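In structure tokens, the next block holds one chain alone, the form deposited in one PDB entry.
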């Protein structure tokens, strides 16, 4: 257990949806934005090389890549879908990336009370035995070292 070390960093994933005042000519009823961001006062660009959002195949160019912040996709649509999201790290050792499956919903299952929706998903990422450089990238992004796993 001489050089065991575990680093935990937090990512915030989320989306906002609004019913349009007029549906588009294609019949899009909603404007949405999906994002990956750091917690308050945390720059995840230190450890994040790129984020890839995999949109539904109805959307044009469905593989959306943001190599720089802001890590977000903004589009208009008529239905919610499962959007795979890849967060690629600034490292040369595994884990190179983490893949999330995000539920972009235009309304919450139970009721449609208002025209505006906000959802937030905090995800804590755990790295065991990080290399020196990636640890410092992680620590600079607000990460902390915890009990070694």
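Basically, rigid core = biggest C-alpha set you can superpose within 1.5 Å across the two forms. Numbering follows the first chain given and starts at 1. Residues that one form lacks are left out of the comparison.
This protein has a second form, the form deposited in another entry, left out of what is shown; the following refers to that one.
Visitor: Shifts of 2 Å or more in the Cα, rigid core superposed between the shown form and the other one, apply to only one of 112, 62, 84, 69; name it.
Guide: Among the listed residues, the one whose C-alpha moves by 2 Å or more is 112.
Visitor: Using the form shown as baseline, tell whether residue 114 and residue 83 are closer or farther in Cα-Cα distance in that other deposited form, where the change reaches 3 Å or more.
Guide: Note: Cα gap between residue 114 and residue 83 shrinks in that other deposited form.
Visitor: With a change of at least 3 Å, which way does the C-alpha separation between residue 79 and residue 113 go in that other deposited form: closer or farther?
Guide: Note: Cα gap between residue 79 and residue 113 shrinks in that other deposited form.
Visitor: Where the Cα shift reaches 2 Å or more for at least three residues in a row, which ranges qualify between the shown form and the other one on a rigid core fit?
Guide: Moving stretch: 107-115 alone.
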